[PDB]
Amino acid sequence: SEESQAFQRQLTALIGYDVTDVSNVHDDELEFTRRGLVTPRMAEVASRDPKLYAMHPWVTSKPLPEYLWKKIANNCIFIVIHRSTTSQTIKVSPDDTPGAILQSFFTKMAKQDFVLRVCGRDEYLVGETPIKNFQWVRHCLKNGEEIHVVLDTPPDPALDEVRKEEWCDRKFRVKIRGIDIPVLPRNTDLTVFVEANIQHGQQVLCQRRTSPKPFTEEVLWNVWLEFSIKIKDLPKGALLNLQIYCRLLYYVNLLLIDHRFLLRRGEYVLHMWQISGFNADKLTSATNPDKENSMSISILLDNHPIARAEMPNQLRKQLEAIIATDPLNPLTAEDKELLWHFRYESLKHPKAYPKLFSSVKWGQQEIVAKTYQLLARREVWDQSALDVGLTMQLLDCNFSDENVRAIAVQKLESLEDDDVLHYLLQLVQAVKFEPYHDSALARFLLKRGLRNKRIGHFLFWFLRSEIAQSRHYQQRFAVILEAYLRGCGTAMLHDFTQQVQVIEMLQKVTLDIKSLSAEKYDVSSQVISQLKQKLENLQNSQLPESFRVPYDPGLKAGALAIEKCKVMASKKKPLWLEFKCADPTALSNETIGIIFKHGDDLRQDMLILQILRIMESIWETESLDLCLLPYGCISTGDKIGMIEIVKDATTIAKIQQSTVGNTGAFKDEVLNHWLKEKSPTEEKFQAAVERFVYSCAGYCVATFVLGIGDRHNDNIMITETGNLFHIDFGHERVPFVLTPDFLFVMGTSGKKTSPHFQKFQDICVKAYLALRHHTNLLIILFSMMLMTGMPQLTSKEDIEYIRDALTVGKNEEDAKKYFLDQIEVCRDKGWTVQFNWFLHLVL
């Protein structure tokens, strides 16, 4: 039918990639995956609750933190209801349901159903949850704000209507025909060979090379390469990894067993990727779509189907020591055999699972069989509490077995939406380690996306971020995105369509302004002449009357406040943009600000930010509030995207450059004077200093742990109310920024104590050693972030940074000492590093 074609064209535009294109395919796995995803999509669409889906309550079952209870001194929360500029303050208990709040409101007033939607937002307080367990309500207690809510008819679930969809015992060998590239690289005669690896879980099962031969535009081997492995022994998910050295310069992969469990057969011309000059990109089954410029390799496959007793005391100790070791500790051959031979004892310990499944000889069919027989008695696994870190380890690059990876996904099923949103970006990224496009993990995300509008919204942008930037995975991620968009509802398709149209227009402007003033330090009259003009043009006949803010979907932006818009003064040339709020019932006349920037990898900013939210949650469990300010941030395209504007905030550099701004000179007292001038009462001034002690502690700890502590002042900011925050993560050493200006806010001076600095040390140590309780989780997030987020990274050195930073293997005293020593390094150093930046620019 024809309105099936139109709808596909809608989807192509939303996706930014055409999932029906079959130009860059060696087989039909992508189509098979489109059709396969119809079933789980339709299931979750059919079975989701219409009312709660439309209203997407944002809710948690975690206990209300100690520090928020303190903020309720009386067991009564205050809630201002509105009708149409009439309002009443209803007293309410924290265990009151929204249903029960409405019985007490209606009785108060009068003496056909409605819902309490938050003022100024598409956000609702509904369902059988205490109000204290709604996230909006926790956001208002933490910030000392009044819960303002308005009364109206529930939104029509009809609006969310989903359109009806219409739909052998021989050694393995490959023949290397040759390699072809139309133009030669670096252009001196070197030698070149082809390495062929059989790989499973980044484990090399077997390896053969061709001879060296003169690297010309066209090189021919015509050699059968015989491997040590039998055909019947190739495991599902095994890759033929073909690489070219002279040293690693080109790579490509071919799944040996296909999505129908069939051995791969025939002629292949595979167009390869080129290394830049270990990482998720190296694992991709996708070929280079640029058929014209790229290096290609020709191969021939012509090889069909296929689908106790008591352990001694000291060996168990040896086993228990191996199990209790961090995820980045190399297993020895002895360690592996021990794990394997006493696999049944190892299965009683859910934490052994990663090491145990990585002690498996995946290139032996009988062993694989025994492993499946092993996982069939999963009772201890199935009954253990969800340990998100342990589970993420099974979804990383070290596991290619479908059955291992699925018991990890099974575990995730018990995460509330709350917890999914925390892990969503890393779970999306973990799709890069799937052997096949259709996976249990792909389907989990699809299912949870379709179940909750909030998760769907972020799932869309996280998927779309990769589809627009990585050639290596765009095909895979586009098929997943299309499956989502096909079940999300007509209201969300429209909302997404508006959003994409807004940033397509705005990125356009962003690049055009860059070219007008090159690097040169100042933003001219003539440059803030055009920005206004381009905005006026866009608004009056192109740019939507209203769009959802991608980084904060509850908020709806309206018309540009053109006066407040400007080009920012940096060497890259970002748009600072302010919008009116579309919602007539907002409390404030205040603007939604958004920065558009081209220049750096905003995906890296996304990654760090997410780990930061996770860190605030670990700290929440142990009743700590460190007041991070993880700003909203979405990568939309190649080195380009949006960033939330934090209000009443300025950079540390800027505060320093105001009374003076000479050449690298800094002043100890301005930060403290600045806070004093921003606080109209001594009350708010001491509340400022206190938030500075906490937020500064949070960022020092967090930031040390992730190896990003050494920043120029340019990329550290503060709000008027004392909240320090780091920015631009995508952009003699020091473990973190605790400069003498920060110390003087803390009442301290050049090697000496004070009460706020005693406190600062106190909070750092509590904060540090609380992350250390979650060491394995952090090690896996860091490790995955490096692999899916950066350029080429060190399958030891770069990744092992975190273990030494988390001071793995030490008692709580050595760890407290160690961090306290780090504080002292920033003290000795003072201004050294900040000054050096300026010294360097002449270098």
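Rigid core here is just the name for the largest C-alpha set that superposes within 1.5 Å across the two forms. Numbers for residues come from their place in the sequence shown, where the first is 1.
After superposition on the rigid core, the larger root-mean-square Cα deviation in 4 other deposited structures of this protein belongs to 80 to 88, not to the other of 80 to 88 and 483 to 491.
After superposition on the rigid core, the larger root-mean-square Cα deviation in 4 other deposited structures of this protein belongs to 510 to 518, not to the other of 510 to 518 and 371 to 379. Among the other PDB entries of this protein that were compared and that flank it with modelled residues, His773 is modelled in all, so it is never left out in a third of them.
Per the records, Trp167 is among the residues left out by at least a third of the other compared entries, whereas the shown structure includes it. Per the record, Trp167 and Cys168 are separated by 10 or more deposited residues that have no coordinates. Counting the deposited residues that fall between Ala385 and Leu386 and carry no coordinates gives zero. Mean C-alpha B-factor is higher over 312 to 320 than over the other stretch, the pair under comparison being 312 to 320 and 197 to 205.
Just going by the entry, 768 to 776 versus 411 to 419 on mean CA temperature factor gives the higher value to 411 to 419. Taking the PDB entry at face value, the top CA B factor among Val118, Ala280, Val500, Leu587 belongs to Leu587. Per the PDB record, residue ranking by Cα B-factor puts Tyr53 in the lowest third of the chain. Annotation for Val19: CA B-factor lies in the highest third of the chain's modelled residues.
Ranked by Cα temperature factor within the chain, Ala43 sits in the lowest third according to the deposited record. The PDB entry assigns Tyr801 a C-alpha temperature factor belonging to the highest third of its chain's modelled residues.
Placement of the Cα temperature factor of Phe106 within the chain: highest third of the modelled residues, per the deposited record.
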